[PDB]
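A.B. asks: Here you go, one structure.
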Amino acid sequence: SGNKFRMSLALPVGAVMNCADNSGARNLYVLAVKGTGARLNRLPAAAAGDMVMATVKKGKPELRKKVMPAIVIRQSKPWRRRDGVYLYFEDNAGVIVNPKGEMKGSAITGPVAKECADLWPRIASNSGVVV
Amino acid sequence: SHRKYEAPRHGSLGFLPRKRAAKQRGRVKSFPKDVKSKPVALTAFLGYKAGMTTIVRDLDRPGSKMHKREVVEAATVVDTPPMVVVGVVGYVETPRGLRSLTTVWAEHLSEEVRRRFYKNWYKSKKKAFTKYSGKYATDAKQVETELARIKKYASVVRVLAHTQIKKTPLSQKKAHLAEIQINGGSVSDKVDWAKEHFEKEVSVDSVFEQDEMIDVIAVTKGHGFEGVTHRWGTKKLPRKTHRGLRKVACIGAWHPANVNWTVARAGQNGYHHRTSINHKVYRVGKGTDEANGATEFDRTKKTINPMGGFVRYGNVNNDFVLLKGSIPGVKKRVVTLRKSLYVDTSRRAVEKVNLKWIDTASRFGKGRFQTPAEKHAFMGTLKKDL
Amino acid sequence: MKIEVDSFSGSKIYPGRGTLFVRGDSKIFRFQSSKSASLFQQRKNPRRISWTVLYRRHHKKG
RNA sequence: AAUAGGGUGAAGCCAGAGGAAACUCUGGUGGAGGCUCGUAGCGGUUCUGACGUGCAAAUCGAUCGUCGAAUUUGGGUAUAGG
RNA sequence: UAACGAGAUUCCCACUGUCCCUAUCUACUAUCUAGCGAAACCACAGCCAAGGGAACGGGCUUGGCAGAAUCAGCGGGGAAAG
RNA sequence: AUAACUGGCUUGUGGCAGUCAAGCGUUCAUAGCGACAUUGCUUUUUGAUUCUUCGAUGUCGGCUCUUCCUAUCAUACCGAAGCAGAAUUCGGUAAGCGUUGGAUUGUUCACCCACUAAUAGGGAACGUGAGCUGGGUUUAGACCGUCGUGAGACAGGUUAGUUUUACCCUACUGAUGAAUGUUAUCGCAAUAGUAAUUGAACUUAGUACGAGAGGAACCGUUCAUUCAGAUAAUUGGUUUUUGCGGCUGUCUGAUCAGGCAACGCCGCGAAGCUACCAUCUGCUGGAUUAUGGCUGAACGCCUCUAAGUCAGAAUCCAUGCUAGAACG
Ligand SMILES: O[C@H](c1cc(C(F)(F)F)nc2c(C(F)(F)F)cccc12)[C@@H]1CCCCN1
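Chains 6, k and 7 are the protein sequences, given in the same order.
The deposited numbering puts the first residue of the first sequence at 7, with every later residue one more than the last.
The deposited numbering puts the first residue of the second sequence at 2, with every later residue one more than the last.
The deposited numbering puts the first residue of the third sequence at 1, with every later residue one more than the last.
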């Protein structure tokens, strides 16, 4: 439920990002991106605010070895906003959510991109600093 | 056998052959269709690509997430001093297409446009248009007869106009002469307008208004002979391939026992004629205005020129057109600006543009000042300042 | 449009110029160019970089 | 006839400590080995690199095995077509 | 089965243009010039579609067509060469 | 004269499609199916044959790339339902447009994970090796198992095993060019090509429909996917600007200033080039197919059809875009 402008993709399939919520996961390994069309040889890739299918590579055993949706909340690849600003974060991080976009954890450590907070109200609720 | 997997074709078959343009001046392939009820007006203009800049603008697009919020946008500056009208051509409708009936010229042509007709001007006797200038002897009935022929038989009337390239920083002395179709009014009205404008200047403000969507006709940047990988965007072959990898691996099946015209091949890249449409006019600047780059929010008395001049162009001391985005061609290229061929009622086409700020920092580096006065205020006194 | 200030060198940042850096501790740094951006990621001290505003105010120049 | 420079640190030997004894422990010294890192040398793993009417009827480049012995090599000499 | 292995294989950390997806730069070629100057190969030669045909034609039949001389590339064909 | 590829005749077998209509489908042969029979098509399977090639047509698969077929997976417009809505199934015009990222396997095939509007099937010497690669097979080394007295065999497993040449003709891609009195400028447009594509969110609307459960759509708005053509504002990349600075070894007696390290190394680095790693742009008219209609006979009624005629698809032809006939 939203229309965010195109952003430079930061996380191809196979990328491992940080897990920024208290859900108990420490890694989030991207294996697919929601909304990725067809193009030969092109890897699906995610930007901040994208829903992702991910596994927990490092974390609690009951969180490990499962496919689960996740949302990227910050990215280290610089991207341009429509106001001309190129910005980037120190790392790539995401949070575990439902298919509906509702978090599993209850807090987020670190800043959150405004594209993601503007696009996912629950992450905005559980988010602190939003840049 | 079929392809194992599908993929779209690399490149467009509608821009073949990828050869050099026959002329460097882009030619208007089609002019806007004539409506008699409109007033008599020009439909195109010739300018010179000066450079690119940056603006800040408040967006007026309801329903957008950037509505009423500032956007930073690339813009192009086109140096456009007024063109001089020197002639008029009549075209006749024939079962084989349009046919030029007669060309009538003005009595006096400037040296810059008369150099157009010479390859070695300095070695010439400069005889161009001298007998024709004598044709105006004390009654000009030959000229009146040709004009009457145009009124009687022509269905399409085009004027001949040339740029005043001496007002630009270019070292070229030849003017650029082009046919610009006249739209509006009857054929007699068009011929009268052309005659009354012989040897007269026509400014940009009489052809283009602000917020218009216009087309740009130009010859793109040349790249010379190019391989398939960059000419057509084909996939590079694996690293361990013998005899090289910037190739197309299979250029055809066994049958047809020929290479097809649709296979990507190495060849000349760039320097193509392109027509790019729907570029919005953010500003029609005036050359006499000393605050070209100033807006209603940035009251700095400031021209459009960056610090140190446009890189590899110079300063824009004339009237100019500020277009949104990028247009084909390189710096100093002559560009033909054409009015739109259709009526666009989309919100992007009908939006009224009010500029917030225009970038005039140096384009020759990471410029960080908008004005020498600002530079002096920031840095204070230097050693060279006594 | 408003003019920002380079966090490293103190130079004026005009719309679209330079980059925005968000540190892990949620602090926001603005660099007018890749020169000061590179010196910042190289951990240089602007008080010890002779052309920055911080150096010039520390040394009472101009 | 030839084979840089290092590492490791075997027997043997000196001193000290513990023990009733049988014996044990510690610090040096010493300089062994078809030991080891690595040059010249000898070889020829991979790039399935270059070249492939070649510089060359087997070479060139990087990478690599080994490098004090079952080592490398000159000359003399012996073995000759079922 | 400790040690050893330019032996075959699986996984993990580090690492990276292997890849997403490409871009840019350097020297030597290629290129153009003066001088020098080969070889493979060669029935005759050299534009296509269908037909029939030793059952996949450059030549035949029926059509499409067809305008000197050429340069750099290229690898579809000559069921190319060896 | 004769096997192992391609190709040719054939089409048993493989694949696909019809006709009849006993039955299934609460009733009800034909919404959707359809036994017993029976008529065909195809050459994407495998056989059969041995016509071409043994003074050699490089024999698997993958990568790359173009194009074609339609027996249509999606997208456009529609007809039918055991179609209330949503979903789904059957079908028509339709190949314009797309049809993916991966784990295992040398694999074709397969099988899962996941995204997606969809993850359709095929052809072009089972397309494509002077395009690559060489994992497999199928030379020579070696091991095992079974077989053999043995040398050795295995269509069984395993490991290592040189992939040569274009400078000719044509064809493709680009580039000049004699002569059509000379030269110069501005044009016309025959013909050839052609380009855009799909999705999501908001609104409509928790509305129509429905007992409820559930639950649409047109007009519109904002964005995005795949593709295309440009461009260098900005940001990023690149650095022989060897531009500025720094550092090591050595050499010029020291200093200054320099040489060399087969660009000595490092930071920044303008300019140029360049990236869905950046930004911009991608048109509107007519004629139709299926289909639904109007008037209207044949056949005093009826009937979209016979004459005439209306609307109407991602279709076609134009508009627009690219080239400009080097004998217009
Ligand atoms: O049996 C020899 C041989 C065969 C083959 C193969 F079967 F693979 F093609 N390859 C050979 C090779 C090869 F190049 F490694 F393939 C080298 C030497 C002899 C070979 C023959 C003997 C006649 C002369 C040519 N080589």
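All C-beta atoms, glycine included, are put in the ideal place defined by N, C-alpha and C.
Can you grab the Cα-Cα spacing for the pair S189 (chain k) / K152 (chain k), in whole Å?
C.D. replies: By one-based count along the second sequence, residue 189 (chain k) stands at place 188. By one-based count along the second sequence, residue 152 (chain k) stands at place 151. Computed Cα separation, rounded: 5 Å.
A.B. asks: Residues of the stretch 106-133 of chain 6 with a CB closer than 7 Å to any CB of chain 7: list them in chain order, please.
C.D. replies: Flagged, chain order: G116 and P117.
A.B. asks: Can you tell me which residues form a DSSP beta bridge with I359 (chain k)?
C.D. replies: Mapped onto the second sequence, residue 359 (chain k) falls at position 358. Paired residues: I56 (chain k).
A.B. asks: Using 10 angstroms around the beta-carbon of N261 (chain k), count the other beta-carbons present and answer buried if the total reaches 16, otherwise exposed.
C.D. replies: In the second sequence, the residue the question calls residue 261 (chain k) occupies position 260. With fewer than 16 Cβ atoms within 10 Å of its Cβ, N261 (chain k) is classed as exposed.
A.B. asks: For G8 (chain 6), which residues of its own chain have a beta-carbon under 6 Å away from its beta-carbon, when the five flanking residues on both sides are left out?
C.D. replies: Looking up residue 8 (chain 6) in the first sequence gives position 2. So the qualifying residues of the chain are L125.
A.B. asks: With 9 Å as the limit, tell me which residues of the stretch 66-89 of chain k have their beta carbon closer than that to any beta carbon of chain 6; keep them in chain order.
C.D. replies: Per Cβ criterion, the list reads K66, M67, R70, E71, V72, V73 and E74.
A.B. asks: With a threshold of 16 other CB atoms inside 10 Å of the CB of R80 (chain 6), please say whether the residue is buried or exposed.
C.D. replies: The count along the first sequence starts at 1 and reaches residue 80 (chain 6) at position 74. Label assigned to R80 (chain 6): buried.
A.B. asks: Cβ of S38 (chain k) within 8 Å of any heavy atom in ligand 3?
C.D. replies: Looking at this structure, you won't find ligand 3 anywhere; what it does contain is ligand 1.
A.B. asks: Along the beta strand (DSSP E) that carries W106 (chain k), what are the first and last residues, could you check?
C.D. replies: By one-based count along the second sequence, residue 106 (chain k) stands at place 105. Unbroken beta strand (DSSP E) run through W106 (chain k): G98 to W106.
A.B. asks: From what residue to what residue does the alpha helix (DSSP H) around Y55 (chain 7) run?
C.D. replies: Against the third sequence, residue 55 (chain 7) aligns to sequence position 55. Unbroken alpha helix (DSSP H) run through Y55 (chain 7): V53 to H58.
A.B. asks: For a contact defined as C-beta to C-beta under 9 Å, what are the partners of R43 (chain 7) on chain 6?
C.D. replies: Your numbering for residue 43 (chain 7) matches position 43 in the third sequence. In chain order: nothing, as chain 6 lies at least about 14 Å away.
A.B. asks: Along chain 7, in chain order, which residues have C-beta atoms closer than 7 Å to that of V135 (chain 6)?
C.D. replies: For this step, residue 135 (chain 6) is matched to residue 129 along the first sequence. Those are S26, listed as they occur along chain 7.
A.B. asks: Can you find a CB in chain 6 that lies within less than 9 Å of the CB of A8 (chain k)?
C.D. replies: Locating residue 8 (chain k) in the second sequence gives position 7, counting from the first residue. So yes, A8 (chain k) belongs to the interface.
A.B. asks: On the three-pair Cβ rule with 8 Å, is the stretch 89-96 of chain k touching the stretch 71-79 of chain k?
C.D. replies: Cβ pair count under 8 Å is below three, so no.
A.B. asks: For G90 (chain 6), return the contacting residues in chain 7, with the cut-off set at a CB-CB distance below 9 Å.
C.D. replies: Start at 1 with the first residue of the first sequence, and residue 90 (chain 6) comes out as number 84. What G90 (chain 6) touches in chain 7: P15, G16 and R17.
A.B. asks: From which residue to which residue does the alpha helix (DSSP H) around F298 (chain k) run?
C.D. replies: Looking up residue 298 (chain k) in the second sequence gives position 297. Here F298 (chain k) belongs to no alpha helix (DSSP H), and DSSP marks it neither H nor E.
A.B. asks: List the residues of chain 6 whose Cβ lies closer than 7 Å to the Cβ of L39 (chain 7), in chain order.
C.D. replies: For the purposes of this step, residue 39 (chain 7) is taken as the residue at position 39 of the third sequence. The premise fails here: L39 (chain 7) is roughly 17 Å from chain 6 at the closest Cβ pair, so nothing lies under 7 Å.
A.B. asks: Could you compute how far the alpha carbon of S2 (chain k) sits from the alpha carbon of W233 (chain k)?
C.D. replies: Taking the first residue of the second sequence as 1, we reach residue 2 (chain k) at position 1. Taking the first residue of the second sequence as 1, we reach residue 233 (chain k) at position 232. Distance between the alpha carbons of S2 (chain k) and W233 (chain k) is about 25 Å.
A.B. asks: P46 (chain 7) by DSSP, collapsed to three states: which one?
C.D. replies: Here residue 46 (chain 7) refers to the residue found at position 46 when the third sequence is read from its first residue. Three-state DSSP puts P46 (chain 7) in a helix.
A.B. asks: Is the beta carbon of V62 (chain 6) closer than 9 Å to that of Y94 (chain 6)?
C.D. replies: As a first step, residue 94 (chain 6) must be located in the first sequence, where it is residue number 88. As a first step, residue 62 (chain 6) must be located in the first sequence, where it is residue number 56. No, the pair does not count as a contact, with Cβ atoms beyond the cut-off.
A.B. asks: Buried or exposed: which applies to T146 (chain k), given that a residue is buried once 16 or more other Cβ atoms fall within 10 Å of its Cβ?
C.D. replies: By one-based count along the second sequence, residue 146 (chain k) stands at place 145. Its Cβ having fewer than 16 others within 10 Å, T146 (chain k) is exposed.
A.B. asks: State yes or no: is the beta carbon of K60 (chain 7) nearer than 9 Å to at least one beta carbon in chain k?
C.D. replies: Taking the first residue of the third sequence as position 1, residue 60 (chain 7) is located at position 60. No, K60 (chain 7) lies away from the interface with chain k (no Cβ there is under 9 Å from its Cβ).
A.B. asks: Using the beta-carbon of each residue, which ones in chain k are nearer than 8 Å to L46 (chain 6)?
C.D. replies: Taking the first sequence and counting its residues from 1, one reaches residue 46 (chain 6) at position 40. Here the neighbours are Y6, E7 and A8.
A.B. asks: Quick check on the burial criterion: 16 or more other C-beta atoms within 10 angstroms. Buried or exposed for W255 (chain k)?
C.D. replies: Residue 255 (chain k) sits at position 254 when you count from the first residue of the second sequence. Classification of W255 (chain k): exposed, given that the 10 Å Cβ count is below 16.
A.B. asks: Should the stretch 21-37 of chain k be regarded as contacting the stretch 134-146 of chain k, the criterion being three or more beta carbon pairs within less than 8 Å?
C.D. replies: With a cut-off of 8 Å, the stretch 134-146 of chain k and the stretch 21-37 of chain k do not count as touching, because too few Cβ pairs lie within range.
A.B. asks: Using the beta-carbon of each residue, which ones in chain 6 are nearer than 7 Å to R23 (chain 7)?
C.D. replies: Position 23 of the third sequence, counted from the first residue, corresponds to residue 23 (chain 7). By Cβ distance, chain 6 contributes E96.
A.B. asks: Looking at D80 (chain k) and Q182 (chain k), is the spacing between their C-beta atoms short of 9 Å?
C.D. replies: Here residue 182 (chain k) corresponds to residue number 181 of the second sequence, with the count starting at 1. Here residue 80 (chain k) corresponds to residue number 79 of the second sequence, with the count starting at 1. No; because the gap between Cβ atoms is not below 9 Å, this pair is not in contact.
A.B. asks: Measuring only the C-alpha atoms, how far is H109 (chain k) from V85 (chain k)?
C.D. replies: Taking the first residue of the second sequence as 1, we reach residue 109 (chain k) at position 108. Taking the first residue of the second sequence as 1, we reach residue 85 (chain k) at position 84. When rounded, the distance between both Cα atoms is 11 Å.
A.B. asks: Alpha carbon to alpha carbon, what distance is there between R284 (chain k) and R100 (chain k)?
C.D. replies: For the purposes of this step, residue 100 (chain k) is taken as the residue at position 99 of the second sequence. For the purposes of this step, residue 284 (chain k) is taken as the residue at position 283 of the second sequence. Rounded to the nearest angstrom, the two C-alpha atoms are 38 Å apart.
A.B. asks: Closer than 9 Å, CB to CB, is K10 (chain 6) near chain k or not?
C.D. replies: Along the first sequence, one-based indexing puts residue 10 (chain 6) at 4. Output row for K10 (chain 6): interface = yes.
A.B. asks: In angstroms, rounded to a whole number, what distance separates the CA positions of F11 (chain 6) and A350 (chain k)?
C.D. replies: Residue 11 (chain 6) sits at position 5 when you count from the first residue of the first sequence. Residue 350 (chain k) sits at position 349 when you count from the first residue of the second sequence. Roughly 20 Å separates the two Cα atoms.
A.B. asks: By Cβ distance, which residues of its chain are closer than 6 Å to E227 (chain k), with the 5 residues on each side in sequence left out?
C.D. replies: In the second sequence, residue 227 (chain k) corresponds to position 226, counting from 1. So the list reads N270, once near-sequence residues are dropped.
A.B. asks: If you count every other CB in all the chains shown that lies within 10 Å of the CB of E94 (chain k), and 16 or more means buried, which is it?
C.D. replies: Counting from one through the second sequence, the residue named residue 94 (chain k) turns up at place 93. Exposed.
A.B. asks: According to DSSP, which residues form a beta bridge with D216 (chain k)?
C.D. replies: Looking up residue 216 (chain k) in the second sequence gives position 215. DSSP output for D216 (chain k) lists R339 (chain k) as bridge partner(s).
A.B. asks: Alpha helix (DSSP H) containing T263 (chain k): first to last residue?
C.D. replies: Within the second sequence, the letter at position 262 stands for residue 263 (chain k). Looking at the DSSP string, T263 (chain k) is not in any alpha helix (DSSP H), and its letter there is neither H nor E.
A.B. asks: State the start and end residues of the unbroken beta strand (DSSP E) segment that holds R80 (chain 6).
C.D. replies: Translated into positions along the first sequence, residue 80 (chain 6) becomes position 74. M74 to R80 is the extent of the beta strand (DSSP E) around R80 (chain 6).
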